[PDB]
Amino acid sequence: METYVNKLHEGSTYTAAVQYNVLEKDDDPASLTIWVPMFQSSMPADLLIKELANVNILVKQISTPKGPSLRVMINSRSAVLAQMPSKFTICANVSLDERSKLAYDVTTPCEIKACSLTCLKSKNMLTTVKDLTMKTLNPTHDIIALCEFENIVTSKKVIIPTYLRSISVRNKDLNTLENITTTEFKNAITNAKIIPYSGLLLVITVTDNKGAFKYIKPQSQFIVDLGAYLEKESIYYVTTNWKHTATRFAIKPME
């Protein structure tokens, strides 16, 4: 099994962000990716990944008010994985590969092809997009991150534009935008990481609270979902073959 460890946060207690790529144990197997609800651990990541790799996964496709969902079961957990959610539900459209299909309401064993563990800061130092929608007043502009990938098989470039937040900008600040797209903000976008979680997850390190980072807790990790953009993709194919090559941004007047 292929394993991946990315120590974005290098403190002893951290938030584990775990994603498995799996394959139905059957002829004509469905292929799908499962991300586990975040949980805190204190076992060093290079040891925790060995435990994560040894679990057994079963899935069941079900119908919910939101549409098709996958019920996930994780067992064969070792003692440290008491820490880890073992029953939970994820979106089937994101999780399942293009052309991959599961019968409904049948508990289905899956073989693990790969396991990725990303270490993030503690939950109180994580900021979401939803968190920030409650932090603006009559905004004037949208901030979008432009996530650039190269498909290493085809050489094709791919841009995924992901919404970050809306803000209000003073007219005088528009001349250079320097009070909004501060040096801190620009460097944080340039150096942002995209890792295998929620399909893909953009992680921006918020180094202070000025301008485009206003009302964010300093030294937070601002995490952003890309999986909604991967519904029609195979997530395992994407995390194997889409090389993250750059992150840019756009500040757009709102519509």
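Position 1 is the first residue in the sequence shown; the rest follow in order.
Peer 1: Taking only the CA atoms, which stretch has the higher mean B-factor in the record, 131 to 139 or 76 to 84?
Peer 2: Comparing 131 to 139 with 76 to 84, the higher mean C-alpha B-factor belongs to 131 to 139.
Peer 1: Between 181 to 189 and 147 to 155, which has the larger average Cα B-factor in the PDB entry?
Peer 2: Stretch with the higher mean C-alpha B-factor: 147 to 155.
Peer 1: In the PDB entry, which of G227, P29, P196, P68 has its C-alpha at the highest B-factor?
Peer 2: Highest CA B-factor of the listed options: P29.
Peer 1: If you check the C-alpha B-factor for each of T15, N21, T239, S12 in the entry, which is highest?
Peer 2: Each of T15, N21, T239, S12 was compared by C-alpha B-factor; the highest is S12.
Peer 1: Taking the entry's C-alpha B-factors for this chain, is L8 in the lowest, middle or highest third?
Peer 2: It belongs to the middle third of the chain when residues are ordered by C-alpha B-factor.
Peer 1: Which third, lowest, middle or highest, does the C-alpha temperature factor of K121 belong to within its own chain?
Peer 2: Ranked within chain, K121 CA B lands in the middle tercile.
Peer 1: What third of its chain's C-alpha B-factors does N56 belong to: lowest, middle or highest?
Peer 2: For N56, whose C-alpha B-factor we compare with every modelled residue in the chain, the answer is the middle third.
Peer 1: Where does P37 sit by CA temperature factor within its chain: lowest, middle or highest third?
Peer 2: For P37, whose C-alpha B-factor we compare with every modelled residue in the chain, the answer is the lowest third.
Peer 1: Relative to the other modelled residues of the same chain, rank the CA B-factor of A103 and answer lowest, middle or highest third.
Peer 2: According to the entry, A103 has a C-alpha B-factor in the chain's highest third.
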